[PDB]
Novice: 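There's a structure below that I have some questions on.
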Amino acid sequence: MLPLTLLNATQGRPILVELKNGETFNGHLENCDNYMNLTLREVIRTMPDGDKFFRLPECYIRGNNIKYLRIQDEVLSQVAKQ
Amino acid sequence: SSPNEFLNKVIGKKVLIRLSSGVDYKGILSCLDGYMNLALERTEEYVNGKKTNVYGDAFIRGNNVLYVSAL
Amino acid sequence: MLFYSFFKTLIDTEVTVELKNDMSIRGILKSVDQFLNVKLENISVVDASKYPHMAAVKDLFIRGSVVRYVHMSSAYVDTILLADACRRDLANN
Amino acid sequence: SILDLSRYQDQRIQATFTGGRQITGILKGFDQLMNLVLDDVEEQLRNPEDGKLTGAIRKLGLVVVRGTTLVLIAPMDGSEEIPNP
Amino acid sequence: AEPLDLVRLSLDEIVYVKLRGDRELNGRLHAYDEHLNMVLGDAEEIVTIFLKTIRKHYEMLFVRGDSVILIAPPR
Amino acid sequence: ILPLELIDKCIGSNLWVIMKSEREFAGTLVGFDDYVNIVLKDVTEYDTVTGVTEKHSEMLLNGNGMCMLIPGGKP
Amino acid sequence: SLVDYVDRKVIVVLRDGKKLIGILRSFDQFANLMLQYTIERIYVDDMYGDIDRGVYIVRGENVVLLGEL
RNA sequence: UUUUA
């Protein structure tokens, strides 16, 4: 199962996004596209040093700013089953 | 295209090229392409304020170009 | 695909890849693709103690985009045929 | 776009650029390339070394934002700096 | 008539190359492409570190084009 | 309001350009292309770390690093 | 291609210096990677410690290298 | 908008 297919299957589920500068965004994945652009809801934004935190109701992240994404193992299992 | 009109009118004239690194090149603009690759004649290289090199002809890869300015 | 073909002529020979992160890896070139991704086998890392996480790796893939250099021993046939091929591309394309 | 920017029309949004610049402004227009027109823009200035926000702002007025250098967009309403969750 | 002609006319000549990361190369140009990927023969690299310079030599050296800033043909 | 229509309405007027780095330009907008590479005339360039400024009579600015374009120029 | 590494344990080195060790499950034409049962291994000289991390999707441009373990 | 910025 391709990486972006899993990403599409993660819509509606919690995700962690780390940006190239080390900022992290914890939220529910609302939408994504083939650029890996993302929209998230109910977001916690952590600054690189881990020193300042923000709550955002939603946000949009341009795909070419992404370092990596983390998703629950349960998600990969349930998506593989379906 | 205004960018192309400007470039067409400084071809064969002395220009200042600033790279994103801030290194400067002063030279005679010979020609350019669609990637903003440049060929200069009579090129002087400047770092901070000091002249560090000269080249009779220099090729500059376009991705590093911050601007081309008339002199 | 001039340099793709060049590297396909170096498969099963020893090369050293210097990465943009300044690590150098020597090994046998086993694979190369259109992007100049490479696969190396029986690798040895230069200044290996500086890169302890590499100690148990024998085979690896390197993304072409992170390469600064690939260097190798010279051969006359290699050099004149490569120059020939570049001039051939220029005359044809 | 997966983001329907018309939902933010006449709302204050926060925009972050590649390289670290951060602004807020009221969305007045946009195009399919995610260029924006924002009004009443304020830029949150950063410290030269650490690159962290200093708390000071500068007012920029009516601004065209380039979609190519945009990395983050989020509405201001409902946002807040919070302690470690 | 186009900038890459400067590189074309430098085939089999000793060129100077300025690269990102405070590096310079001098070597015989054996091949290049539109990315400015190139192969230099009998090449010397000067790495400047901040003041100090380290010199290295390569019998045959492939250079990925995205590091290239400037190429100068020989005088 | 369409962003590029606002820029086109600024032609012949002052425009203030803020780069992603600590660098800014202010001058008269001559024109721009589909990638928003911009030609400015009677320009002032600002290094906003050192505070040094430089003048240029006319220049083509690469649009790659541009973050903001502010019609009406710099205060 | 990377198909030879699928379902094998690998170390992935990222541009920011992070070391991820996990099971490669998939990849695409950008070398985007999907890893399962991943740990992040933090080194200080020859010493290290591990953090359980779960599933990653690594965006290909951040991948320096992938090594079979 | 990821392997030629």
Side-chain angles (χ1 to χ4, degrees), chain A residues 2-4 7 19-20 32-38 60-69, chain B residues 19-21 33-38 60-66, chain C residues 1-4 7 17 19-20 31-39 61-70, chain D residues 1-3 17-19 33-35 66-73, chain E residues 4 7 17 19-21 32-38 62-69 71, chain F residues 19-21 35 37 62-66, chain G residues 1-2 12 14-16 27-34 57-66:
Chain A
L2 300 175
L4 298 174
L7 184 57
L19 300 189
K20 284 176 186 177
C32 60
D33 61 26
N34 284 148
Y35 295 109
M36 208 179 312
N37 300 327
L38 311 175
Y60 166 93
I61 296 165
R62 212 171 191 267
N64 63 320
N65 196 26
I66 290 173
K67 187 185 303 186
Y68 56 68
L69 314 181
Chain B
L19 304 190
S20 43
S21 64
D33 61 20
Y35 295 107
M36 220 181 276
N37 295 322
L38 309 168
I60 295 188
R61 203 175 186 280
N63 59 302
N64 300 292
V65 171
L66 172 65
Chain C
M1 282 334 276
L2 176 64
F3 289 115
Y4 172 67
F7 279 123
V17 185
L19 305 184
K20 288 167 183 187
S31 171
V32 65
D33 67 11
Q34 66 176 307
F35 305 121
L36 311 181
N37 300 323
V38 292
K39 291 184 181 187
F61 162 105
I62 301 166
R63 200 178 195 263
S65 68
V66 311
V67 174
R68 174 183 297 126
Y69 306 132
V70 186
Chain D
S1 174
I2 59 172
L3 179 62
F17 298 97
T18 179
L33 301 168
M34 309 263 303
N35 303 306
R66 289 291 281 119
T68 48
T69 53
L70 262 186
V71 297
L72 175 90
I73 299 176
Chain E
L4 284 169
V7 187
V17 186
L19 309 155
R20 288 174 167 178
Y32 72 100
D33 66 13
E34 67 275 9
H35 305 296
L36 288 314
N37 292 331
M38 54 199 118
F62 168 86
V63 186
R64 188 171 172 91
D66 55 9
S67 294
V68 171
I69 296 164
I71 304 162
Chain F
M19 309 301 286
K20 65 188 184 174
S21 65
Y35 302 101
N37 302 307
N62 187 332
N64 178 265
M66 303 183 170
Chain G
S1 76
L2 288 170
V12 182
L14 305 186
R15 274 198 304 204
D16 72 348
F27 68 92
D28 59 25
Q29 72 269 28
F30 300 106
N32 294 325
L33 308 175
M34 198 264 284
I57 297 175
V58 185
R59 182 177 167 91
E61 56 168 315
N62 303 287
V63 170
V64 173
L65 62 84
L66 182 153

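Reminder, nothing fancy here: chain letters follow the sequence lines and each chain counts from 1. The analysis underlying the following values was restricted to heavy atoms, covering all of them including side chains, and did not include hydrogens, waters or symmetry mates.
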Novice: Starting at CZ of C:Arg68 and ending at P of H:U3, how long is that distance when rounded to a whole Å?
Specialist: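 Value for this atom pair: 16 Å.
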Novice: Could you work out which one of H:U2, H:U4, H:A5 sits closest to the side chain of F:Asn62?
Specialist: H:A5
Novice: C:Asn37 has a side chain; which of H:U3, H:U1, H:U4 sits nearest to it?
Specialist: H:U3
Novice: Mind calculating the distance between CZ (A:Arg62) and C1' (H:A5) to the nearest angstrom?
Specialist: 13 Å
Novice: Tell me: CG of E:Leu36 to P of H:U3, nearest whole Å?
Specialist: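 The distance from CG of E:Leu36 to P of H:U3 comes to 17 Å, rounded to the nearest Å.
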Novice: Tell me what A:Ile66 touches on the nucleic acid: a base, only sugar-phosphate, or nothing, going by heavy atoms under 4.0 Å.
Specialist: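 A:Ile66: no heavy atom of the nucleic acid under 4.0 Å.
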Novice: Among the nucleotides H:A5, H:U3, H:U2, which one has an atom lying closest to any side-chain atom of G:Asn32?
Specialist: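 Comparing H:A5, H:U3, H:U2 against the side chain of G:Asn32, the answer is H:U2.
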Novice: How long is the line joining OH of F:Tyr35 and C1' of H:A5, in whole Å?
Specialist: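 One finds 14 Å between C1' of H:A5 and OH of F:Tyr35, rounded.
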Novice: Mind checking G:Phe27 for me? I need base, sugar-phosphate or nothing, with any heavy atom below 4.0 Å counting as a touch.
Specialist: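 It contacts nothing in the nucleic acid.
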Novice: Give the rounded distance in Å between these two atoms: CD of C:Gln34 and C1' of H:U3.
Specialist: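 Atom CD in C:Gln34 sits about 9 Å away from atom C1' in H:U3.
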Novice: Are side-chain N/O atoms of G:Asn32 and G:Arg59 paired as donor and acceptor at under 3.5 Å?
Specialist: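 No, G:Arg59 and G:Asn32 have no side-chain donor paired with an acceptor closer than 3.5 Å.
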Novice: Whole angstrom is fine here: how far is it from CD in G:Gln29 over to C1' in H:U2?
Specialist: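 It works out to 10 Å between those atoms.
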Novice: Report yes if a side-chain nitrogen or oxygen of C:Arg63 is closer than 4.0 Å to either non-bridging phosphate oxygen (OP1 or OP2) of H:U3; otherwise report no.
Specialist: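 Yes, such a contact exists.
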Novice: Among H:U4, H:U1, H:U2, which nucleotide has an atom closest to any side-chain atom of G:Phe30?
Specialist: H:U2
Novice: Classify the side chain of A:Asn37 versus the base of H:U1 as yes if they form a donor-acceptor pair under 3.5 Å and no if they do not.
Specialist: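 In this structure, the two groups form a donor-acceptor pair.
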Novice: Round to the nearest Å and state the distance from G:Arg59 atom CZ to H:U3 atom P.
Specialist: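 From G:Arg59 CZ to H:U3 P: 8 Å.
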